[PDB]
Structures are given as C-alpha cells and as structure tokens.
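Structure first, commentary second.
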Amino acid sequence: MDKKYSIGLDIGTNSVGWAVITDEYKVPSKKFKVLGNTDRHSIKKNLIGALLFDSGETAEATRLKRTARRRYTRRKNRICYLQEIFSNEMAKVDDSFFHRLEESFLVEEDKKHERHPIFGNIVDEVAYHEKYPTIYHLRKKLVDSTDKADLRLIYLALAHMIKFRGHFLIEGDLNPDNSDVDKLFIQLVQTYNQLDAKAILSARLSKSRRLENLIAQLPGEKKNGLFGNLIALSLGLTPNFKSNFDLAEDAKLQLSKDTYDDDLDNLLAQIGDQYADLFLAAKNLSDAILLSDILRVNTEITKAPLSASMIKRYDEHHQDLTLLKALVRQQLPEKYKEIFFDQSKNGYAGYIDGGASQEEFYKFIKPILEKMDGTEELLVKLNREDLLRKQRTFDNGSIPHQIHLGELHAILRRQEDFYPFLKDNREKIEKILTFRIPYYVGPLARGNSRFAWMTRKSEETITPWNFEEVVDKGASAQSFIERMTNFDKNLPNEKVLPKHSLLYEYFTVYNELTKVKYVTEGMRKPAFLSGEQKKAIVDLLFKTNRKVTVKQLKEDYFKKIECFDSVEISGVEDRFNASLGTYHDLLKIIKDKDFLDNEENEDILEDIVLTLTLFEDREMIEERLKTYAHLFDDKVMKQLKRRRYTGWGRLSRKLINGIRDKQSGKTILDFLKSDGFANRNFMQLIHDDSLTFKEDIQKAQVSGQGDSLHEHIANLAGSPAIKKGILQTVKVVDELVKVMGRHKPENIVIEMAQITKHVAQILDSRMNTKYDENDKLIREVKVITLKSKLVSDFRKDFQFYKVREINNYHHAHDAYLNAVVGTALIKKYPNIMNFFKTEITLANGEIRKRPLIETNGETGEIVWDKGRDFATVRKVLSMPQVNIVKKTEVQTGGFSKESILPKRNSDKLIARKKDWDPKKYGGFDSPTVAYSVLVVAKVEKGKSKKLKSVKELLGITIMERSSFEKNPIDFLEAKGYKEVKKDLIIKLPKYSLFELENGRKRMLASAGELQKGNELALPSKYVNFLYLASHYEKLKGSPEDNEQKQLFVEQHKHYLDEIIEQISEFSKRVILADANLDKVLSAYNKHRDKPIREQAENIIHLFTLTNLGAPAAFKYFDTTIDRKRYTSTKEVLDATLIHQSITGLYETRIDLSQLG
RNA sequence: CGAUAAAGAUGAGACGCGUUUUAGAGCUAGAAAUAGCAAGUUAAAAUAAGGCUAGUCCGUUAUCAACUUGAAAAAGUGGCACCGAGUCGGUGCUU
DNA sequence: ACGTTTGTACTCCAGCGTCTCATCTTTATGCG
DNA sequence: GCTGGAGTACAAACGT
C-alpha cells in the first residue's frame, strides 16, 4: 500500500524531538516486538518521541591542552639541551647535580643521592639560602660579580631564565638603560628642535588618552613632528607620514614590529631624513615607557634591573613585615596568632603558607591597618598594591625576554673568562632562550600527526640551531596556508589560485566583456565585441586605467579604435566592475610593459602574486622573490617585496584555463575571449551540453565520492552541538522510515531554535533520490523548513501551553505541533495566521466570522476544521505514553579532576606517575567512569577464606578502559574477582535504563549513583493553568482576552491542590524522596495565603523534584530543598535492563534477576 | 552592488600564575603534654597514567541500543487494522 | 550476639589569567 | 554552575 504519512522534527542543541502524523493529523499507534529473556513479547507504542543527549563540546579545550603538552615537552627539551651543554664540565665540578635536580620531587627515602638538591650538604645549602635569599639575588650577583663563581650557581641562574623567559611580543632589541620617561620626552622635543612628562607617560591612562593628554599640554610650538613621534613612542605607532612629515606615500612606521626598519627606510627615502631623529627619540621613549613599570628601579648601578627591582620588593616585604609584626604585637595583641600563625585565614600566614592571594590578604589586613596607628605608609603601599609582595607573582607576565636575555648575556660575558666553554657556547644558550618555532611551521612531526604541515629539507633531528637548515620554511608556510584554504568546488582534488591572480582578473574582464554586447549601425545586433576587438578594447581602456572604465570611456575607445558603428552597448553597465589592478601595480612597480605583457612570463607573474598573497612575514616574500630577482633590478626587487595582497578566490586555474573540451580545445577563458559569435559566459559554459560541464560533474561525483553522512554534517559551518542534533535527527528520520514498512513520508517539517537550509538539503538529498526518464528529481518527500514563531503563536492562540519544568514531553509535543502547523499552512496558502481565529478581529472592533471548515481559495481543500482538530491534537498532547530516550553514551574526556590534592592515607588517590605512591606524594582524586560492567563472580569474603558468590556493578575508569578492553578477565582477577563468568559481562554506559517495581525507572549515572528515570504525565488542564497563572502580568494580548484569562485563572484557584496532589502521588510512586516531599508539603502549607501568580511561579519551580535526570536542589518560597541522591546501585542489579533504539520503539529487555 | 565591522568555528606558536612532593637546620622552657618566641617572599620536578609509529610527535573534539554478518567501513533483523488510555492495554485478521 | 557492611543524611569541592598569527562562514550596517 | 566523587557521623540490616 501507499501508506501516506509525514514526519515532524524539532532539532535542538540538547534534544531531537520527532513525531509521525497521518493525513488526518493523528499520531499512529503500533505494536512492536521486543527481544530478550523477559516475559513481555509485544508492546503497544505511539509514534511520537524525543531523543535527549549531552551537548557536543568544542575542540578548544582539547586544542589548549594539546598546546600546553607541547609547551611542557619543549621546556623539558630546553632543560635537556642545557644539561647536555653543561654536561662534561658538570661531571667534573659536581656529578649527579643534575640527578639531584631530577629526584627533587621524591621523598627522602625515595631519593638516590641526597635530600639537599644543590650542594649535597647542609651547611652550603644554608649558606646559599642566606647569601642569596631568592633566585634574583643570585641573578644580580652573577650579572655583577667580576669574580669566579661555582658552576652550579651559573646553571641555576641561567636555567631559571630559560625556563621562565617571558613574552616575545616586543620585536627589536630593548635597551635597559633607557628608563627616564621625562628625559625621553624632553629629549624628543630637543632633538626635533635641533633638527609632568614622566607622570603623563607612565600613567595607566590609555595610549590614545596619553597621546591626547600630551597633545593638549604641549609646550612645543609648530612641533607637529614632535607630536607624531610622541605618538610613535607612547602609542608605538605614528600616523601616515605623507601627512605627518610629508612623505611620498602613507607610511605607518609603527614600532615593536619587524617591518619597522623597512617602513623607516621607506620614510627615509620618502621624507628625506627629516624625521630620523624623531624616529630615534620615538624608539628611545617607547622603550623608556615600556620598561618603566617593569623596571621600577634606577638603572645606573646594575645591568640586571629586574633582579634589582625584585630584590627591592623582597627588602620592602621584610621591612614592612617586621614593622607590621611590631605594630600588631604593640597595639592589637589579640590578633598576632590569627595573622601570623593561622593558615586558614586571609592573614599573612594564609598569604604565604595557605592559599590566599595578594587581593585576599590586602582585603583582610586593610581593616587591621586602619584601626591601628602608625600604619600610614603601609596603607599607602596597600592602595599602591606594593605591600608585602612576592617576586613570583601574577603580574610577571609583562617582563619581556629582552630583559632575561640581557641578564643571561651579562653572566655569559662576566664568567666566560673563568669558564672557557661558555665563550664558544654563548650564542648556543642565547639561541635556546630566544628560539621560538614560528606560527607558520607548527608541529615538527615526521608525518605521525594530524595537525602537522611541516616539510623537511633533510632527514635529521630539528634542534634549535639547525631549524633553518632542516625545515624548508618556504614549503612549510606554503603547506600552512595550503591545508587551510579550501579546494575547488568543481574539482575537489586540487587547490585554488590566489584572488589577486592575473588569470582571474583577465577572466573577470573577458567574462564581463563577453557578457557585454556591442550595437551595430544598421542592424543594431547585440552579439559581442570580436575577440581581437575584445583584446583591443582591454588594452585600450581596461589595461590603461587603474579604476574601471565608464561606458563613456568604452564609447570613446570604440570610436578611437575605428569609426564606430553605434557606441551604444547592450548587456553592459554604466561602468565595468572587473579591473586589471594587479597588472597595473606591476606596471607601476616593475615599470616595463614587456614581462607584464608577454604570455611567456604569465606563470612568473602568477607565482609573484602567489608569493604576495601567501606570505606575510616579508622574509619569506624576500626569499621567494629573490629566486626571481634575475629578471628585474634590485630597486623593484625591494619595492615589490613590500606589496602585500589579501584574499583567496573561489575558482581554480584548471577550471579557467586547464579544462578544454576535446571537440574544440579552447579553454573557458579562451571561449570567453572568442566564442565564434556566441558570447557565452562562464555560467553558460558550466551549464550547457558542452564537454566542459560534463567533466565538472564527473569530477564533483568521482572525487569526494564517499561523502559520508557524519562527514557532511561534520564539515558544516556551525556550533558542534547543533551538528550533533542534526546527525541524530537524520538517524531518527531513517529509523522512522524503517518503522512504517519503509514507505517514504509525504512531508518532513524542520524547526531549529542557513544551517536550517543546510539540514533541509541533507534530508532532501537522502529522501528525494529518484530521477525521471529525463533525469529530473521527483520530489516525493517535501522537506519543509519552518520558523519557530508560528508554533509559539498557535501554542498561545489555541492555548496549547507548555511548562518545560513538568517533563520532557514538551519536546516531542513541539515536534508534533511543528508537523501540524507546517502541513496545515502548506494546504491553506499554497496577518497570515488570521485564518486560525474564528472570531478574527477587525479595525472596527468587529469579530469577523470565519467558516468552521476552512478551505483554500483557489481550489477545494480540507485545510482546517475548527471542530475535531482540537480534539485530536488535545488528545495527542494529553497522551501519556511518548518515547523519550536519553542517549546512552560512553564517557570521554579527562581521567579525573585536575586538582593535585595533598597526601592522604586514603586509597582513592591516584598515582600521578608510575612509581609515585600516593600515600607519600598525593595526586589526583575522583576519577571519571567511562562505563560500568556487571560482573558475576565470587569474592574473598570473611576471615575464614569463604568464596561468597556475588553480583556487583564495577565502574571502568577512562584510564582503565584500554587495559580492561585488552583483557577483561585478567583485569577482573587483578581487581579481586576470582573465577569470573566471561559471557555474563554486560557493558553499561551512562544513562543505561533499568525498570523496577510499579514502573519505576532509573538511569545509570555511574557505578555508584543513579538518576531519576520517570516522567510525570500531568494533564493538559494543569499545564495550561500553570502557564496562564505564571504569565499573569505578561499576558501580551488584547484587554478582553487578558480579562478573560484573569477570570479563568481566578475561577480555578483549586487547581493548585490538584497539582500538588499529582506531584505527591508521582513522587511517592517513583521518586521515593520522603523527607524532600514532606518539606515540600510543609512549604506549600505555610504559603497558601499568597497571590496565585507567585504561587504558580514556584509550583513551576517545584517540578524539578520529579524531573528526568540527575537530582537537583530547588527553592520554593525562601526555603531550599536539597537534592535526594540515589547513591547505591544495588536495586538495579535485580531490575530489568532495557536496551532501546534511537527512537526507542525497538526494544531489548533483559531480566537481570535471571542472570547469576 | 562592491566594502568594512562584529560574533563564531578550526589550527599553530608563547608567557604568567596555581597545585603537589621535596630542599631552605627552627629556638627556648617543659619529663612529656603543650606553651612562649623566631621565621615566612625562593628553587627543582610533574602538570592528564602514558603510547609506538620514538617525532623538540600522539594522548581530554567529533562517533557509540541489542541482535546477525563484515577486518573495518558497512549492510541486514522486528506483520496489519480497529476500540480504548496513567507510562500503553484489548480485540479481530494473517503470518 | 558481636562485627561488618550497607543505607541514610549532610557538607564540600571542582585549573585559571594574558598575548601573537592564520584560514573559513554567518549577520549586520550604511551606500544609493 | 552542574552533578558526580569523597569524607564523616550514625544506625539498620545482614553474616557467622
């Protein structure tokens, strides 16, 4: 039979609601066959339901932890590099110093050499920690020593600098001597003249505000160049020097960039060295502004100013510490034990030994400082956030690597005379500090990664010193862009040409001009310009004028070439749109119309623009054009190198001039140039009986021939969770087609709360798959897209109200009403929703009458009867059995919580490495269970060695999962299970459904906790009343309708008692939370004499006691009911396990009572 | 109709902090128990266990009823009406 | 008839800030 | 924040 039906969907980020209706808008009911060892053999089910699943996560967290893993690996490799550089000498001075460093984490019994990590004795360790209290004291000492020092001290200082090196944001060497901001500004004005500045520059005001403030209070007269260089200093960026200093072109000589030197040279040619002193002062002032807050110390007594500043911070911590100690011992003696001994408060002891930040300690110690006297400067430092500070602090992220490199340079230039190996390896260690893999090279994989693009020039290990001789950086950055840009849509095998290609612009000119038509003198035939005439017009106007030519210019060229027949032109605009811009720039730079005109040099120019579009670091551009420097002078070689092109086109070169029909041999560009008086455009050759259009379809089919369902949802443009929803929606559609005897649905209706267009296309592609004799796709299944507004409109107009707090039936009810509205309006119209209200209002206040049976105007149709349609959809909405399935999913993600908890005697701690005993070291805690397994075996119970046979539910950790799947039997025997039964092991993922007495259901949250599994089928009257009462002040309708709703909600005030009675009955049947229910009834009893709106707004809040899923806390009326957790899955082992299909219609029920 | 801007997705390269264990000798009184006093700012190592394909890679995204085949991918498996409704029941027909 | 284990109820806890660069869609806004 | 793990105190129920 035909068995006509339709399928409705509601795709969500967290759920997929589905419904099947017939031609009479009825849900069909069908009896299904179940499997398993249970006694039930057939179950009657209704063809409406929803599928719930966890939200799809983005890849960002995985990306960040992957990047962190790479960073830790690289830092460990730097430590190994420096431990191979110092290796031979360190074997002589103190062998196993590196080994004492590596075993520092272990407890003293687990150590192999000595507990003291540096010198191996107690006296020298104490002397080191007293002579150099922090690492910065040793850093300052080794920077300024002039004496020989122990090699361990040099290693510790330089290793601390390499391990914590700083940011690479400031490009260019930063001299630490420039520190006076006021002198920098006055020197800028003075050098300009020859050719509170400190407070204003170092103020925390914005760079825009800072420049504006200095410009407002500007003593310099006729000194706009001083103001521009001041912008280039404080802001770090000058404006266009064509107006700032009368340069030839717009020159933005912004500092802190590698292009600063090249733009400065361009300005020196463009201005004529009339701003060099300004640029020089700007650089000095930019430095002194940048290092101002970083190095808050005078810079005339040391070469390591960061060490001096941190020593000053340590010293002020000590001074204000002893003074605060004295003042609390002298004025508030009842608080010294709390501030300086208690590690649980936010005092000093919590700030150092506990877990208090600087903010928390400041907030705690401020009121103590206020009430006591003598605390003036301590308070002043606290507002300046400079009281009792530490060196390793949150604000150390602004220290540039130039400072650490300067200190490291100072030790390798102060200790190189005594230790000779430092002198030849100085640049090696400096490279180890400063080497940073570029963003266009990526992971240095040998081919064993799915994220790598790097190409190797050699086959050797990539050390930080052979990176430029082993990694082909050109091909690396080429592959970096070439994996990211999309392939050709027509030919999905090969890549895509740059947007600024000469071939593409020539194609656009010739395609527009081929679409353009001329007009003859007598016949006035459109046709087109001839191919020779086309090239002549291009060279006359489009190759002459950089901007597009006007129709007047085209007419002037037509009359200029030969005597015009008629300058009128058909199929053309007032001005053209295609421009020969890149050829014009090459004619303005290369300045010869020979290489840019000869077709033998076309591939050269295409590679030129490939380089300009591809690379943006300008050294890469430098080398790739240096390959081609033999055909041009050096000046244009360093001028065109500074040209950057942005953008990628949507067409490829094989589509444009690579595909040629075997009958003709002409390219698509050649066909556009000369079509034999046919004037066919690109879309003409792409959609005709020519051989070009056939090969495109054959390649679009042959290549990407798989194009799997998960692939095509995966390669879309949207959030991952909505892609999960779309994929589950498609699977639901397939199974719903299967359920009805594999007959196709007549319509499919879609609603999501461009991606809608795409999911419509997927469903249309899978359902509509039949072509006629003339190869025309017959639309057997009309996939319909619907906005969400219409559904809510009817929901409110026909009072088909939803409270989402009752149950998850509202999802499938949205799906059913979706497939009611959509297929009604596809019939009534083949206000638009005014065909619905029978008493439709008018501008005169008249309730214009409507027919009971609505119909289409043009032809007779049963679109909507205002009787027996209410009854059907009311029945389906009040229908108690609708199939909600929570998607059983194996958990993936982190093994446990990321917090490293301290040591305990508990066994729940997890070994953070292989041999780290957690009772000594501590470690991770609370692991994540991948899935639970039901194991029937016998355990060792009792002191008398008794094998008590037991059935238990054991949770498998994500970490344990691979070891369990390698050998389940051996894993169980290692766990403590003797003589297990291999064939009764059942894999139970999260949200596995179990059925118990009185229809009670529980979902498996884990091996030791369950979730509520039942749904309260509260009738339509109660949910309609609850929406009317809670939206009492937000009715948003006509005043008569609002008054009628108010009268209706006042007349049924007794419905609250019926609602709470339904809640109590359903909670007593399946929820089984006696104390929570008693507190609920006490709270409802206490709060009866309150208005109905608030009462129903909190009866809505009540319904999360009975909601599907995890137990949750809630508040009714100023009282919080804490969650009743089911923390024992012992009842589940005697229950009935239900396996369900994605729709849930097809079931497999296992009686676990019979297993064992 | 080019063009700009915002948001989102994906990928790469870098810092700063935090946590853990250990190292920085606590002293004095007291038989001890516990007090009085001193002091504190730093470093090493690890930062998903680990894996083989041994890379200055990979390891937390996406995918996932049961059943029968398939290496996997993937394919295959469950009769239809009608009257009723508290998580679906009943009746008839036919396999 | 002690003893040990499983059921309850209750409380607490959960890795986080920044910067540079690149490539795609998808919305949006004034032009006119 | 969610919601699952874990610790703690206290008693009921099952083992021997």
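With full-length UniProt numbering applied, the first sequence covers 1 to 195, 207 to 764, 926 to 1002, 1041 to 1366.
C-beta atoms are modelled at their ideal positions from N, C-alpha and C, and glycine is treated no differently.
Taking the continuous alpha helix (DSSP H) assigned at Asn88, which residues delimit it?
Here residue 88 is taken as the residue at index 88 of the first sequence, counted from 1. Taken as a continuous stretch (DSSP letters only), the alpha helix (DSSP H) holding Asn88 covers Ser87 to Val93.
For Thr1353 versus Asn1177, is the C-beta spacing smaller than 8 Å?
Here residue 1353 refers to the residue found at position 1143 when the first sequence is read from its first residue. Here residue 1177 refers to the residue found at position 967 when the first sequence is read from its first residue. Going by C-beta atoms, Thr1353 is not nearer than 8 Å to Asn1177.
Beta-carbon proximity list for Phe1181, same chain, < 8 Å, skipping 5 on both sides
Residue numbering aside, residue 1181 sits at position 971 when the first sequence is read from its first letter. Correct list, in chain order: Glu1170, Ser1173 and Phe1174.
Could you tell me the alpha carbon to alpha carbon distance between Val482 and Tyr1131, rounded to whole angstroms?
Within the first sequence, residue 482 is the residue found at index 471, counting from 1. Within the first sequence, residue 1131 is the residue found at index 921, counting from 1. Those two C-alpha atoms are separated by around 42 Å.
Is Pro756 closer than 8 Å to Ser6 when the C-beta atoms are compared?
Numbered from 1 along the first sequence, position 6 holds the residue referred to as residue 6. Numbered from 1 along the first sequence, position 745 holds the residue referred to as residue 756. Yes; because the gap between Cβ atoms is below 8 Å, this pair is in contact.
CB-CB under 8 Å to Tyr192, same chain, minus the five flanking residues each way: which ones, in chain order?
Looking up residue 192 in the first sequence gives position 192. Within the same chain, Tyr192 has close Cβ partners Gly231, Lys234, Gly236, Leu237, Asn240, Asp288, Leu289 and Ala292.
Check whether the Cβ atoms of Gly361 and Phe372 lie closer than 8 Å to each other.
Here residue 361 is taken as the residue at index 350 of the first sequence, counted from 1. Here residue 372 is taken as the residue at index 361 of the first sequence, counted from 1. Against a cut-off of 8 Å, the Cβ pair of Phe372 and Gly361 comes out as a contact.
Range of the contiguous alpha helix (DSSP H) that encloses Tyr1141
On the first sequence, residue 1141 is found 931 positions in, with the first residue counted as 1. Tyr1141 -> not in any alpha helix (DSSP H); beta strand (DSSP E) instead, spanning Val1139 to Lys1151.
In this structure, how does DSSP classify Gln330 when only helix, strand and coil are distinguished?
On the first sequence, position 319 is the one that residue 330 refers to. Three-state DSSP puts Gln330 in a helix.
Just to check my reading of the structure: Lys1113 and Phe1134 have Cβ atoms closer than 8 Å, yes? What is that Cβ distance to the nearest angstrom?
Start at 1 with the first residue of the first sequence, and residue 1113 comes out as number 903. Start at 1 with the first residue of the first sequence, and residue 1134 comes out as number 924. 12 Å between Cβ atoms; not a contact.
Might you give, ordered along the chain, the residues of its own chain that have their beta carbon closer than 6 Å to the beta carbon of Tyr981, omitting 5 neighbours on each side?
Your numbering for residue 981 matches position 809 in the first sequence. Taken in chain order, the residues that qualify are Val1092.
So, are the CB atoms of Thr1339 and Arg1359 less than 8 Å apart?
As a first step, residue 1339 must be located in the first sequence, where it is residue number 1129. As a first step, residue 1359 must be located in the first sequence, where it is residue number 1149. For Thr1339 and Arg1359, no; Cβs fall outside 8 Å.
Which residue marks the beginning of the beta strand (DSSP E) containing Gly8, and which one marks its end?
Residue numbering aside, residue 8 sits at position 8 when the first sequence is read from its first letter. It spans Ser6 to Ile11 - the beta strand (DSSP E) in which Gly8 sits, taken as one unbroken run.
Which of helix, strand or coil DSSP assigns to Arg467
Start at 1 with the first residue of the first sequence, and residue 467 comes out as number 456. If DSSP states are grouped into helix, strand and coil, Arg467 belongs with the strands.
So, are the CB atoms of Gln1101 and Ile1050 less than 8 Å apart?
Taking the first sequence and counting its residues from 1, one reaches residue 1101 at position 891. Taking the first sequence and counting its residues from 1, one reaches residue 1050 at position 840. It is not a contact, given that the beta carbons lie outside the stated cut-off.
Would you list, in sequence order, the uninterrupted beta strand (DSSP E) runs of no fewer than 3 residues that lie entirely inside the segment 285-347?
none
Helix, strand or coil at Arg424 [DSSP, three-state]
Within the first sequence, numbered from 1, the residue matching residue 424 stands at position 413. Reduced to three states, the DSSP call for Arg424 is helix.
Same chain, Cβ closer than 7 Å to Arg75, neighbours up to 5 away in sequence not counted:
Working through the first sequence from its first residue, we reach residue 75 at position 75. These residues qualify, in order along the chain: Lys163.
Out of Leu1052, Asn1252 and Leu552, point me to the one whose CA is closest to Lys968's CA.
Mapped onto the first sequence, residue 968 falls at position 796. Cα-wise, what sits closest to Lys968 is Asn1252.
With a threshold of 16 other CB atoms inside 10 Å of the CB of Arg951, please say whether the residue is buried or exposed.
Your numbering for residue 951 matches position 779 in the first sequence. Under this definition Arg951 is an exposed residue.
Quick check: what's the CA-CA separation for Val93 versus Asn477?
Position 93 of the first sequence, counting from 1, holds the residue named residue 93. Position 466 of the first sequence, counting from 1, holds the residue named residue 477. The alpha-carbon atoms of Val93 and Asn477 are separated by roughly 30 Å.
Suppose contacts are defined by Cβ-Cβ distances below 8 Å. Is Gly56 in contact with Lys735 by that definition?
Working through the first sequence from its first residue, we reach residue 56 at position 56. Working through the first sequence from its first residue, we reach residue 735 at position 724. Yes. Within cutoff.
Cα-Cα separation, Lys961 to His167:
Counting from one through the first sequence, the residue named residue 961 turns up at place 789. Counting from one through the first sequence, the residue named residue 167 turns up at place 167. Whole-angstrom Cα-Cα distance: 51 Å.
Kindly indicate the opening and closing residues of the beta strand (DSSP E) around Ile1360.
Here the question's residue 1360 lines up with position 1150 in the first sequence. Here the beta strand (DSSP E) through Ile1360 covers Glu1357 to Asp1361.
Please confirm whether any heavy atom of the ligand FMN lies closer than 7 Å to the CB of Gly485.
You won't find the ligand FMN in this model; it holds no ligand whatsoever.
Do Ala61 and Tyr988 have their beta-carbon atoms positioned less than 8 Å apart in this structure?
Within the first sequence, residue 988 is the residue found at index 816, counting from 1. Within the first sequence, residue 61 is the residue found at index 61, counting from 1. Not in contact: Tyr988 and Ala61 (Cβ atoms no closer than 8 Å).
Identify the continuous alpha helix (DSSP H) that holds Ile724 and give its terminal residues.
Translated into positions along the first sequence, residue 724 becomes position 713. That run of the alpha helix (DSSP H) goes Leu720 to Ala725.
To the nearest angstrom, how far is the alpha carbon of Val559 from that of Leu513?
Translated into the one-based positions of the first sequence, residue 559 becomes position 548. Translated into the one-based positions of the first sequence, residue 513 becomes position 502. Their Cα atoms are separated by approximately 16 Å.
Could you spell out the range, first to last residue, of the alpha helix (DSSP H) harbouring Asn1286?
Taking the first residue of the first sequence as position 1, residue 1286 is located at position 1076. Looking at the DSSP string, the run of the alpha helix (DSSP H) that includes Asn1286 is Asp1284 to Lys1296.
Are the beta-carbon atoms of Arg221 and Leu229 separated by less than 8 Å?
Taking the first sequence and counting its residues from 1, one reaches residue 221 at position 210. Taking the first sequence and counting its residues from 1, one reaches residue 229 at position 218. The answer is no: Cβ separation not under 8 Å.
Which residue or residues does DSSP assign as beta-bridge partners of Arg1212?
Position 1002 of the first sequence, counted from the start, is the residue given in the question as residue 1212. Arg1212 pairs with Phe1204 and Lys1222.
Sequence-distant residues of the same chain with beta carbon closer than 8 Å to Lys140, five excluded per side
Residue numbering aside, residue 140 sits at position 140 when the first sequence is read from its first letter. Taken in chain order, the residues that qualify are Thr313, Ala315, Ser318, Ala319 and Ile322.
What's the C-alpha gap between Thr474 and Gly417?
As a first step, residue 474 is located in the first sequence; it is residue number 463 there, counting from the start. As a first step, residue 417 is located in the first sequence; it is residue number 406 there, counting from the start. So the alpha carbons of these two residues sit roughly 23 Å apart.
Could you tell me the distance, in whole angstroms, from the CA atom of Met495 to the CA atom of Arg629?
For the purposes of this step, residue 495 is taken as the residue at position 484 of the first sequence. For the purposes of this step, residue 629 is taken as the residue at position 618 of the first sequence. When rounded, the distance between both Cα atoms is 20 Å.
Using only CA atoms, which one of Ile1281, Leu1312, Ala1283 and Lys1334 lies nearest to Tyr1294?
Along the first sequence, read from residue 1 onward, the residue named residue 1294 stands at position 1084. Considering only alpha carbons, the answer is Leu1312.
Is the CB-CB distance between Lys1161 and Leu1343 below 8 Å?
By one-based count along the first sequence, residue 1161 stands at place 951. By one-based count along the first sequence, residue 1343 stands at place 1133. Yes, Cβ-Cβ distance for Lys1161 and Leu1343 is below 8 Å.
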